[PDB]
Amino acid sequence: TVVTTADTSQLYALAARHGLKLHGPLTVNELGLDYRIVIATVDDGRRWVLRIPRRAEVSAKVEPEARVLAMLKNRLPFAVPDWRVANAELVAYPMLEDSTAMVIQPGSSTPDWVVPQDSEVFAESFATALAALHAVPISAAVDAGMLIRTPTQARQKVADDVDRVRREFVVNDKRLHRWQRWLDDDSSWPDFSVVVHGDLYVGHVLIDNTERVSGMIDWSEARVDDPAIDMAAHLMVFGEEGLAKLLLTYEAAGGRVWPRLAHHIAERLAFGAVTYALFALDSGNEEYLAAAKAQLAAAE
């Protein structure tokens, strides 16, 4: 008798209700506010990811998300989760065994590793993979029931998010001015939307052992919206140097750009403070809320 974090009996029963027979080693992440994520071995000798919604309001997202992934599968030259099980109580897919492009121990505030700035294979393949994603036709997104934002709707969403933060929190005056100026700066904003991943950073990108992008995961924020949404974290991790390389190759690979794209991406990155604060507020988590309030009040 040894106490373990995972409830093997309950997990076995849950998986078996959906055609999966668990057998062998498993791993459990409950840091997620909305899902328990288990990597478990099944009787096919293979590891599967069990993505377990915690509550009814999370379960409600499974059906639309499943439609997105089904559409994306043939239209991307890289892997995405294959949700062979997709229901309100359980999503499950064969694990995409390639590593994420950032490795971190659960709970830790410091990664063990991030794919290096000087990895040209990563930089180049991320840029072409991103062009490929952003080339998925709008029609395919509509046919799959995706959330669609025109450029006007995209800008309105940012305005709404800023306004909600301004109502719920006390924000440094310079941040408020920055966001307002951005919202009013016509030349920053794109005149088109594309299919975006929506929560894209190195931790959601898979790479083969040569550091070539081979997949992307965690697609819950996917939608048709401002392309720069998917470039902010690249700027955050790889700096202006990395961003410059990305935009050159992205454009060469057929990605649509506009003159003030680099500027707009930096403003999108600054807007991450809004996204975080609203995440914190909606989470009800007090540690996240404390961090958000401290960030918002602080000068950038």
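So that the term is clear: the rigid core is the largest set of C-alpha atoms that superpose within 1.5 Å between two forms. Quick note: we count residues from 1 along the sequence shown, nothing fancier.
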Original post:
Do the Cα atoms of 45-53 or those of 230-238 sit farther, on average, from the shown form in 6 other deposited structures of this protein after fitting on the core?
Top reply: 45-53
**OP:** State which stretch is farther from the displayed form on average in 6 other deposited structures of this protein, 161-169 or 110-118, counting RMS CA distance after fitting on the rigid core.
**Re:** 110-118
Original post:
Out of 60-68 and 26-34, which one has CA B-factors that are higher on average in the deposited record?
Top reply: 26-34
**OP:** Would you tell me which stretch averages the higher CA B-factor in the PDB entry, 2-10 or 289-297?
**Re:** 2-10
Original post:
Per the coordinate record, which of the options 188, 110, 100, 139 holds the highest CA temperature factor?
Top reply: 110
Original post:
With respect to the C-alpha temperature factors reported in the PDB entry, which of 234, 51, 46, 263 ranks highest?
Top reply: 46
Original post:
If you rank the chain by CA B-factor, which third does residue 274 end up in: lowest, middle or highest?
Top reply: lowest
**OP:** For residue 145, return the chain-relative third of its C-alpha B-factor as stated in the PDB record: lowest, middle or highest.
**Re:** middle
Original post:
Ranked by Cα temperature factor within the chain, is residue 257 in the lowest third, the middle third or the highest third?
Top reply: lowest
Original post:
By its CA B factor, does residue 94 count among the lowest, middle or highest third of the modelled residues in the chain?
Top reply: middle
**OP:** State the tercile, meaning the lowest, middle or highest third, of residue 73 with respect to the CA B-factors recorded for its chain.
**Re:** highest
